[PDB]
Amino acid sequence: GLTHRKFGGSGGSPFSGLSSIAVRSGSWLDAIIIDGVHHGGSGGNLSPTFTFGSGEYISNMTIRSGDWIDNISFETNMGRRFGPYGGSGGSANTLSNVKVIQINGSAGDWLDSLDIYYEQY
């Protein structure tokens, strides 16, 4: 099942492959843009890009969803916030006191689902 392994030694500053997030949104999420890579369709309006600093990660996140993704927001361990973007359909679900490791998902003409991998503290 889901696991992790470290390789290598002590030094340096932390980084994550989850380096920046933006979305396209209207009433719902048309796309999520991860590290500048577009996932979803061309609809809605493009949000600003949120870029994580070294050692900064998502610690609280709310995803509103039903059959598809309606809304997203998150806060980092340094107190910064992204969103909300999207609308008010579906129901809110919240991850709190976490460290988000990755955001995978499925998308076509819009953003259908998100797979969040995270440490729960």
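Start at 1 with the first residue shown and count on from there.
J.: So 63-71 or 31-39, which one's hotter by mean CA B-factor in the entry?
T.: Stretch with the greater average CA B-factor: 63-71.
J.: Going by the average Cα B-factor in the PDB entry, point out whether 97-105 or 10-18 comes out higher.
T.: Mean B over CA atoms: larger for 10-18.
J.: Ranking every modelled residue in this chain by its Cα temperature factor as given in the entry, which third contains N77?
T.: Tercile = highest for this residue's CA B-factor.
J.: Would you mind checking where the Cα B-factor of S88 ranks among the modelled residues of its chain, as the lowest, middle or highest third?
T.: As the PDB entry reports it, the C-alpha B-factor of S88 lands in the highest third of its chain.
J.: Can you work out whether the C-alpha temperature factor of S54 puts it in the lowest, middle or highest third of the chain?
T.: According to the entry, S54 has a C-alpha B-factor in the chain's highest third.
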